[PDB]
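Chains as they are written, first to last, in the deposited numbering: chain A, 1 to 306; chain A', 1 to 306. A prime marks a further copy of an entry chain. One structure below.
Number of protein chains: 2
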Amino acid sequence: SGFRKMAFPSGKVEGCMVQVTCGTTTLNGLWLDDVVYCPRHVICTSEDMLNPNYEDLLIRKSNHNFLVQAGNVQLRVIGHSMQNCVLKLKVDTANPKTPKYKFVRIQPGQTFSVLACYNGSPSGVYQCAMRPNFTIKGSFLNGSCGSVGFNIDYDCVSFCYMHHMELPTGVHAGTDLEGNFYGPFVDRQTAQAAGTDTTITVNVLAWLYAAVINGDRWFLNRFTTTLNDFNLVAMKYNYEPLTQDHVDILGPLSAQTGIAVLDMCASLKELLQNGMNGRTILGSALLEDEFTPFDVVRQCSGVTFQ
Amino acid sequence: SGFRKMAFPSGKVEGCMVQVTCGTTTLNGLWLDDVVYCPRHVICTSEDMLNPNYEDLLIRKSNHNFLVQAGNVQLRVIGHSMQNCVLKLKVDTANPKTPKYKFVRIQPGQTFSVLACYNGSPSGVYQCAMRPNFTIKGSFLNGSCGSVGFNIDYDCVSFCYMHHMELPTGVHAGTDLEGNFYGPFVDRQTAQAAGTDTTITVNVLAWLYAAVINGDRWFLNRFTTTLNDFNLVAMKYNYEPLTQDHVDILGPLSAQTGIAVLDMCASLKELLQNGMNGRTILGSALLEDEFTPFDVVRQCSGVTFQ
Ligand SMILES: *[C@](O)(C(=O)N1CCC1)[C@H](CN1CCCC1=O)NC(=O)[C@@H]1[C@@H]2[C@H](CN1C(=O)[C@@H](NC(=O)C(F)(F)F)C(C)(C)C)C2(C)C
Ligand SMILES: *[C@](O)(C(=O)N1CCC1)[C@H](CN1CCCC1=O)NC(=O)[C@@H]1[C@@H]2[C@H](CN1C(=O)[C@@H](NC(=O)C(F)(F)F)C(C)(C)C)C2(C)C
Ligand SMILES: [Cl-]
Numbered sequence: 001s002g003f004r005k006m007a008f009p010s011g012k013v014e015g016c017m018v019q020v021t022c023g024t025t026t027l028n029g030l031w032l033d034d035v036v037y038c039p040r041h042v043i044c045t046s047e048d049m050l051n052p053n054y055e056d057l058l059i060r061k062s063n064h065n066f067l068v069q070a071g072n073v074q075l076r077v078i079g080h081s082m083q084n085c086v087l088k089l090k091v092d093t094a095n096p097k098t099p100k101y102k103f104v105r106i107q108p109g110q111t112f113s114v115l116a117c118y119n120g121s122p123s124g125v126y127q128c129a130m131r132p133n134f135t136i137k138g139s140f141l142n143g144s145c146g147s148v149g150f151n152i153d154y155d156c157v158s159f160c161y162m163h164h165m166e167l168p169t170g171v172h173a174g175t176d177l178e179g180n181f182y183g184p185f186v187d188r189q190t191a192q193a194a195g196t197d198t199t200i201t202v203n204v205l206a207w208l209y210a211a212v213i214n215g216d217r218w219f220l221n222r223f224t225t226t227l228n229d230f231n232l233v234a235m236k237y238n239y240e241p242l243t244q245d246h247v248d249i250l251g252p253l254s255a256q257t258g259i260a261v262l263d264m265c266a267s268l269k270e271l272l273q274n275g276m277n278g279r280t281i282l283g284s285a286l287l288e289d290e291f292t293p294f295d296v297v298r299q300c301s302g303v304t305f306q
Numbered sequence: 001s002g003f004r005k006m007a008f009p010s011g012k013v014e015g016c017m018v019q020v021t022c023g024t025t026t027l028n029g030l031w032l033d034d035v036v037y038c039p040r041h042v043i044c045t046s047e048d049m050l051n052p053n054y055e056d057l058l059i060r061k062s063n064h065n066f067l068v069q070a071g072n073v074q075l076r077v078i079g080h081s082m083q084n085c086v087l088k089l090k091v092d093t094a095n096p097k098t099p100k101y102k103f104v105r106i107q108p109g110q111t112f113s114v115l116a117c118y119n120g121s122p123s124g125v126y127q128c129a130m131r132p133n134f135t136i137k138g139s140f141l142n143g144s145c146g147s148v149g150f151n152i153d154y155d156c157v158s159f160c161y162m163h164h165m166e167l168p169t170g171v172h173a174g175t176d177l178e179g180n181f182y183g184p185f186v187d188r189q190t191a192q193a194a195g196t197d198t199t200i201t202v203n204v205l206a207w208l209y210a211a212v213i214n215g216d217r218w219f220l221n222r223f224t225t226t227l228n229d230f231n232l233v234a235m236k237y238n239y240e241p242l243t244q245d246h247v248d249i250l251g252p253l254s255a256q257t258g259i260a261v262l263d264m265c266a267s268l269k270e271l272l273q274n275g276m277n278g279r280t281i282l283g284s285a286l287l288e289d290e291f292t293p294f295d296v297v298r299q300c301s302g303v304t305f306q
């Protein structure tokens, strides 16, 4: 019993982190096989980052201008190309600790663990959600760029995020591992702001299922609703529309608790209209939307990783 | 910027987890050098756990009755002794991945990461606090016993907890790595309940400092108080007494923000007496007490681990 924000074990990803320096800019890289991936603004100075021409900055660099270190050991660079907003450095050494891995572009609503790194060294690990507005609510200081987000499936690391920047309001924006930003952001120091966020409805329901499973049941009402009516009521509270796909994905939790999704939807409708009136759910005074149905099942049924 | 519940990177500890089976009971062990540590109720059946005599159960076991596996590989046991509530299995192999480590008994108020494990495999990682009443608010299913809690300092893992049991209300209780329980708990299936908890005052203040650092300042008032007056007011809200040691430990955050501890204490006194009136701090509607001063600094200044 118990329900916690839980990150994936970070060890497979720890073994991949390196420090990348170019000129006087240092940030983190990901060393998979004989390639190091990092944000392309490693090639900038402070000044440059106000409005950089990356293609131009990169033409003036040679392999030797990039210093890659894995602990004590310097890796010798033997190639470089830019792909979108990421830089690929080919190195003379394959990483012996390369885990089985993939590069995924996740969807808004999906969660992942971030391994926050400074100078190629791990600081800590925490769980995030890709927000509807394509930001994450992270914890990132100067030096954290090139920190990565990932999911583990059995033995395979799916890398889905690399950290680039912070926006007003202290939210965070980044790219997939092919260097495409999530959302409409660009890697320059100019005024940019995140769209208005919305609440990830399917995740809130997953969390309510987790609460029932943990014996917190006070909010269960005796009603049903339809998907139509629920969505009209949720729309005014800035909840995303719940689709039939969402309903189907919540099927396992539904079957496991013997509570139909639309009866839980009835319960959430009531909580949105009446508030929690001094009560908590799973220790929280606010509804939580950063647990996916998968995260709930994984946690409440004990799924592990080799 | 940003502030998150952040676990230590789990990789050094991942490399130490094994599965231990005895009879038909399987749980997790910690493999350091040529010793495996696990909860001693691995030697019980279901029936036994209602009221076990461990010394008697262990006399009837030989080395070969314990099956220890590290992935595919079985480790051959060549010795066993019991120390308090933990079992030490000497094995024919030293763990090549043994990190630098220590065994620590932490104090109430201190935090640590838990690496939740099933069948010797890591499920996930999260940050906990040892409560005043000597429980933790974990997430532990059947199979999780022998999961460990730890702190990392630079390159050294301080192991401080091994998971044994769950108490009514879904809190968790366990031992240091010498097999002494935290709190008055015993490793038998009998009615036991946790003392009434209290709020870890020094941690709440640390968290308020973290909030100022992140620019959430609305609750800062213009008053001071004395340590005496603050403690009388905090006592009625089931806050622990703040000592002078607590004040001194909060010195770095105090100096870094230019807010004296007793002025923050003035601010917290007000929050306790007036509530948060619809407002959040660092995204939370409730005051948080599971961040130590160290955790705040570590997070808000970027401390890393080799
Ligand atoms: C990252 O570049 C890094 O860690 N580096 C080591 C030296 C470079 C850094 C990480 N940071 C800094 C504090 C919060 C965070 O995530 N990222 C950057 O500095 C971004 C780089 C520049 C400007 N960056 C920003 O995040 C800025 N944001 C904006 O301009 C915004 F309004 F678009 F969001 C900043 C927070 C500095 C105002 C580039 C290439 C985008
Ligand atoms: C742990 O033994 C385990 O995972 N095992 C694999 C087979 C043994 C198990 C972990 N659990 C189970 C669910 C929550 C949790 O932390 N721990 C135990 O079952 C405990 C073992 C028995 C009884 N245990 C309990 O946690 C029980 N608690 C109590 O009796 C209490 F009231 F004291 F807390 C239980 C939750 C099963 C009622 C021993 C040796 C204490
Ligand atoms: Cl909350």
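From the three backbone atoms N, C-alpha and C, an ideal C-beta is built for every residue, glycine too.
C-beta contact flag for residue i and residue j at 8 angstroms
{"i": "A':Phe305", "j": "A':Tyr126", "result": "no"}
{"i": "A':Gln110", "j": "A':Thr225", "result": "no"}
{"i": "residue 321 of chain A", "j": "A:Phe3", "result": "This structure cannot settle anything about residue 321 of chain A, because the visible part of chain A is limited to 1 through 306."}
{"i": "A:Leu30", "j": "A:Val114", "result": "no"}
{"i": "A:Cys117", "j": "A:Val86", "result": "no"}
{"i": "A:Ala191", "j": "A:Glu290", "result": "no"}
{"i": "A':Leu272", "j": "A':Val261", "result": "no"}
{"i": "A':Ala194", "j": "A':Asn133", "result": "yes"}
{"i": "A:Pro252", "j": "A:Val212", "result": "no"}
Run of the beta strand (DSSP E) containing residue i, from where it starts to where it stops
{"i": "A:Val13", "result": "Note, A:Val13: premise wrong, no beta strand (DSSP E); alpha helix (DSSP H) at 11-14."}
{"i": "A':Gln127", "result": "121-129"}
{"i": "A':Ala266", "result": "First-last for A':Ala266: 261-274, but that is the alpha helix (DSSP H), not the beta strand (DSSP E)."}
{"i": "A':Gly29", "result": "25-32"}
{"i": "A':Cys38", "result": "35-39"}
{"i": "residue 312 of chain A", "result": "Chain A is shown from 1 up to 306; residue 312 of chain A falls before or after that span and cannot be answered."}
{"i": "A':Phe305", "result": "Where A':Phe305 is concerned, there is no enclosing beta strand (DSSP E), given that its DSSP letter is neither H nor E."}
{"i": "A':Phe103", "result": "100-103"}
C-alpha gap between residue i and residue j, whole angstroms
{"i": "A:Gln19", "j": "A':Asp33", "result": "30 angstroms"}
{"i": "A:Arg40", "j": "A:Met162", "result": "11 angstroms"}
{"i": "A:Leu242", "j": "A:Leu268", "result": "12 angstroms"}
{"i": "A:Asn63", "j": "A:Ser123", "result": "29 angstroms"}
{"i": "A:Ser301", "j": "A':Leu227", "result": "47 angstroms"}
{"i": "A:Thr199", "j": "A:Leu205", "result": "11 angstroms"}
{"i": "A':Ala7", "j": "A':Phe112", "result": "8 angstroms"}
{"i": "A:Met276", "j": "A:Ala285", "result": "7 angstroms"}
{"i": "A':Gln74", "j": "A':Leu89", "result": "13 angstroms"}
{"i": "A':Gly143", "j": "A:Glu47", "result": "55 angstroms"}
{"i": "residue 343 of chain A'", "j": "A':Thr135", "result": "Residue coverage of chain A' in this structure runs from 1 to 306, which leaves residue 343 of chain A' outside it and unanswerable."}
{"i": "A':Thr25", "j": "A':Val35", "result": "19 angstroms"}
{"i": "A:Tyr101", "j": "A':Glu270", "result": "51 angstroms"}
{"i": "A':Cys265", "j": "A:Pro9", "result": "37 angstroms"}
{"i": "A:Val186", "j": "A:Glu166", "result": "11 angstroms"}
{"i": "A':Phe140", "j": "A:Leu282", "result": "15 angstroms"}
{"i": "A:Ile43", "j": "A:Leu50", "result": "13 angstroms"}
{"i": "A':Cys22", "j": "A':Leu58", "result": "11 angstroms"}
{"i": "A':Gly138", "j": "A:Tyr182", "result": "33 angstroms"}
{"i": "A:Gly179", "j": "A':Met235", "result": "53 angstroms"}
{"i": "A':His164", "j": "A':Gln83", "result": "15 angstroms"}
{"i": "A':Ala70", "j": "A':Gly278", "result": "51 angstroms"}
Identified DSSP bridge partners for residue i
{"i": "A:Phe150", "result": "A:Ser113, A:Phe159"}
{"i": "A:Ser284", "result": "A:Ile281"}
{"i": "A:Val20", "result": "A:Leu27, A:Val68"}
{"i": "A':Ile136", "result": "A':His172"}
{"i": "A':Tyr239", "result": "A':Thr199"}
{"i": "A:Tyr54", "result": "Answer by DSSP bridge pairing: none, since A:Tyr54 is not bridged."}
Where the alpha helix (DSSP H) containing residue i begins and where it ends
{"i": "A':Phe294", "result": "293-301"}
{"i": "A':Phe230", "result": "227-236"}
{"i": "A:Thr257", "result": "251-257"}
Subject >> In chain order, each alpha helix (DSSP H) run of at least 4 residues that lies wholly inside the stretch 152-215 of chain A' >> reply: Correct list: 201-213.
Subject >> Segments of 3+ residues assigned as beta strand (DSSP E) that fall wholly inside the stretch 59-98 of chain A' >> reply: With a minimum length of 3 residues, the continuous beta strand (DSSP E) runs that stay inside the stretch 59-98 of chain A' are 66-70, 73-75, 77-83, 86-91.
**OP:** Mind listing which residues have their beta carbon within less than 5 angstroms of any non-hydrogen atom of ligand 5? Chain order is fine.
**Re:** Ligands displayed in this structure: ligand 1, ligand 2 and ligand 3; ligand 5 is not among them.
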